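The structure appears below as structure tokens.
Here the Cβ positions follow ideal geometry from the backbone for every residue, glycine too, while neighbour counts run over all protein chains shown. No value in this document is a laboratory result; all are computed from the given coordinates.
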Amino acid sequence: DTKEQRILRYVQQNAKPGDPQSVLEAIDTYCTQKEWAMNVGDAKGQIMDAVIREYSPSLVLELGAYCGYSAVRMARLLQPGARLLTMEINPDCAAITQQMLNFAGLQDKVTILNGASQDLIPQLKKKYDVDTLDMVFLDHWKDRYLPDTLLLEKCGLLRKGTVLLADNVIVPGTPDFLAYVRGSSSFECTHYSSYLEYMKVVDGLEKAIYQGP
Ligand SMILES: O=C(NCCCCc1cc2cnccc2s1)c1cc(-c2ccc(F)cc2)cc(O)c1O
Ligand SMILES: [Cl-]
Ligand SMILES: [Cl-]
Ligand SMILES: [Mg+2]
């Protein structure tokens, strides 16, 4: 089996069904004590929680589900009727994410999409009935943060006040994305310095609030 399957099995055997906080704790324990994995982790997760609570978004898009850790983290804080769409290009990890969300009891809040962001973003309006997004969490290929931000704007998916929140802007890093949003009058940016998941290595989240054209 794979590391991702071991993480799912550990949640199933060490968390409580229907209890998202137990699921997060189980994943963080496994990834601290057994095998590192690229979940956002609790350090950066606590900053995400604070941002989600500030904005109470009704419709969130996540680029890069992995095993569903960030999807559980965000979906557990959504208000009744609010929704998360999460894109995952690896079909094995899409299946693990769906199972993780089922276990946590969050499956009615989340739609896990299996494909590439450049293919799926242009289908959001017609196929998934999206008007505009309230928040976007970027956690997929680091060289796609910038092109997919521009693709979201082209597709008319951003509105004044849409919150982009970007993982890993320091490690592995997303230098073109940061330079772009920080230099653009169309974004209001804030950096939240933190640590790479499970490691004593500096990383950070970038919040970039879209201001219209
Ligand atoms: O690569 C990372 N995440 C991206 C996986 C991209 C897969 C997808 C592409 C795609 C396209 N379209 C739709 C959905 C998707 S999902 C990543 C890597 C590290 C890391 C790795 C080694 C290291 F030494 C230090 C940090 C830490 C992290 O927190 C990460 O997030
Ligand atoms: Cl994650
Ligand atoms: Cl952590
Ligand atoms: Mg990440």
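Could the peptides 83-94, 124-135, 107-118 be put in order, highest first, of the mean number of other beta-carbon atoms found within 10 Å of their residues?
83-94, 107-118, 124-135
Using just the helices of the chain, give the 222 nm mean residue ellipticity in deg cm²/dmol: DSSP H runs with n ≥ 4 each add -39,500 (n - 2.57), and the total is spread over all residues, rounded to 500.
So the helix-based figure for the chain works out to -12000 deg cm²/dmol.
Can you tell me, using C-alpha contacts under 8 Å and at least 6 residues apart, the relative contact order of the stretch 76-168 as a whole percent?
That works out to 27 percent.
Less than 15 Å Cβ to Cβ from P175, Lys/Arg counted +1 and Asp/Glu -1: what total charge do the surrounding residues give?
Result for the neighbourhood of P175: -2.
If one computes the Cα centroid of the stretch 50-79 and of the stretch 148-208, what distance in Å separates the two points?
Rounded to whole Å, the Cα centres lie 16 Å apart.
Of the listed pairs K16/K109; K44/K126; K3/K127; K109/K200; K16/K44; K125/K200, which have alpha-carbon separations greater than 29 Å here?
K44/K126; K3/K127; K109/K200; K125/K200
Hey, what's the Kirkwood Rh for the chain if you take every pair of different alpha carbons, in angstrom?
Across the chain, the inverse of the average 1/r is 17.1 Å.
Could you sort the peptides 182-190, 164-172, 152-160, 205-213 by per-residue average Cβ neighbour count (10 Å cutoff), highest mean leading?
Highest mean packing first, the order is 164-172, 205-213, 152-160, 182-190.
In nm, give the distance between the simple-model label positions of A179 and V201, each being 7 Å from the Cα along the Cα-to-Cβ direction.
Taking the simple label geometry, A179 and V201 are separated by 2.3 nm.
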